[PDB]
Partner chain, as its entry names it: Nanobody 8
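Listed next as structure tokens is one chain, alone, in the form solved without the partner chain.
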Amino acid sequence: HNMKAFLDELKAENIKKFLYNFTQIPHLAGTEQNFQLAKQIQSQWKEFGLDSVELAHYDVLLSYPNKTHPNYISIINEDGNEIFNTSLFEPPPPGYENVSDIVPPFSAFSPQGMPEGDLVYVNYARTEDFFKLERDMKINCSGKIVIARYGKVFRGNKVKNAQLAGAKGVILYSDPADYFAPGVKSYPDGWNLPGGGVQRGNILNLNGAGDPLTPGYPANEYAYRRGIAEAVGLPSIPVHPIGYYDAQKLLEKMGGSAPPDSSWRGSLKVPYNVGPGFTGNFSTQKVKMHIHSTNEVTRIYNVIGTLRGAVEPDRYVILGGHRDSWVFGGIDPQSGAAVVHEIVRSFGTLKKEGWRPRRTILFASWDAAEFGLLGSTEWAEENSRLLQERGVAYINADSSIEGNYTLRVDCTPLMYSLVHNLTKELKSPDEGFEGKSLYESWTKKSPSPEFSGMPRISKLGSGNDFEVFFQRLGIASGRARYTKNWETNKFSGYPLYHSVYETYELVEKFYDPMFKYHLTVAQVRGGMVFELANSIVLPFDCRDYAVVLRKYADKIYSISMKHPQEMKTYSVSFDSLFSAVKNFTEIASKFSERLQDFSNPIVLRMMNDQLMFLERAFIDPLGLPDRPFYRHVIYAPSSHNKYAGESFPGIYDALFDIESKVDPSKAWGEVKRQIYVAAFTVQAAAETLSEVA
């Protein structure tokens, strides 16, 4: 009973069977189908040998289209005749044309409305796209309907940016430039997005809050709920997503200004004119949205499985991923959930033979992730005191594959050495690397930009269920999956993301026919959990944090140094931050020596608690400015793109666009304040590794 016994028990054929099982019908959050799947998972986890398996339910704000009053968009003429209508549903894939309960495409949490107006095209609707429009092109989005292509940033940020530019509605679409890889066929004949395909997804800006109605507290049976007008993160203008056949019909008539440059042009045979409005002949025509979706408080269910630790049952290593899907969830999330299921089964086989992990392992099937990470966040709000004092690590397990090229890992620096060592012990599943380690194939295909002979590991961003554990609670977190070649593939994520076409067949035929990539991912996620839960000394290397802190401090300093006159005028010094980083490096190095050099379980557990609380020490209980649920001072989701991680976010946001601020004294004061906060937090985290007395 060692890690190799655990790894060897995992089977590609089991993951395949589970994935097929989890993807035959839709499992939309808050629906009966998804409750039944929760009960099935609960039952099988018990069968598999877990000590306890419970449902934790919450009543949270969800959003659904109105079944009898469909959402759509029109081009309307001067008389008010609707001369073109967008689709009411995606053409269903072969053999699913009689599946019921496929939710039509919609933007979850859109308010109702029927705004009518002239179009402005805003590229990806990024902060810089709006800068370019308003500041350089002098185009005013006020009272216009904005059309934006999906890609580059989280769609919630797009909607916020449009709303702040004064738009009265947003139309999101998938451009073939971003969702149709050259030389591959459309689904069902290949893995590309067809013209009728549409990407679902919520457009909230929760900033870590969880259920919009109950920020701070679990949405239990006696919860006090905010009124809708005070809910967190809801958009104020209607929003709806469409495919590129429909987008072409909306864009082909566009007039006004030419696109400023080629980075504004997608692949449709249209000019990509910014607008506002249509060219000469069609200038009396307008665009009309019809959105009738409703928000409603709906019950959701997490499955929580427990495998009690033999020696430290009060230390938790968590493996969690969501179970709710937009439609069939062939990739997102069931390719991850099938892997979690096999990992539980494997741990349970060992448990039936008398083994227990040293520490407790918790397994989670989260609900309502698609609606804003609601299930994981409510559960963590409920259990925050247990998680704060006992949480060793959180390993996420959403989509196992988004490509077939190489490994992708995003994690805290505390897990870098764990990940390097583990991948050196795993077999590469890649063609041309048979008999070579996963470390070797991963390092060759995705070299670290900083270090020779190391692989790339990215910062954690957000848009997934580790968010509450890492950026709210300060629990060391990581995730891993197979991914595409990010050098040669210029499209975003995978084309069929959140569309009806994301099916079991998509995975089995095009992504992973042997289920070898899924198996590799099961080994990486499961092996990380195994080492975290069983290693005598927690497998965290604090010296890896010291190295990245220096890199982030150099980076934030170089950003500020674009304004040398203001740094002089306002006496802006990074000296304290570099001093704190230097101290962290020195103290971490001394702690590592002590960790090498001690039969005494109090010293050990004292040392394991210093390792466990180190991530915790980066939490500021006052949170970041106007984002009280982002409390980690080193990492937060980018204020311009929730998916991307930003380092020293408090300083970054204080410097961002600072040359445009009206009161430079005040703005540079706030930069200095954020420098102080970061230097202090780094020094305080360093001091948790000093001798305790």
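Numbering follows the first chain given and starts at 1.
Same protein, other form: the form deposited with the partner chain bound, not shown, and the subject of what follows.
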If you check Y245, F131, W355, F433 against the partner chain in the deposited complex, which one has a heavy atom within 4.5 Å?
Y245
So the partner chain isn't shown here. In the deposited complex, which residue out of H420, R299, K249, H292 has a non-hydrogen atom within 4.5 Å of it?
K249
Stretch in contact, per heavy atom within 4.5 angstroms of the partner chain in the deposited complex, of 411-419, 519-527, 393-401, 279-287
279-287
Given that the partner is absent here, does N81 sit within 4.5 Å of the partner chain in the deposited complex, heavy atoms only?
yes
Do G266 and the partner chain share at least one heavy atom pair within 4.5 Å in the deposited complex?
no
Can you tell me if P91 lies within 4.5 angstroms of the partner chain in the deposited complex, counting non-hydrogen atoms only?
yes
Would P259 show up as a contact with the partner chain in the deposited complex if we use heavy atoms at 4.5 Å?
no
Across 482-510, which residues bring a heavy atom to within 4.5 Å of the partner chain in the deposited complex?
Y501
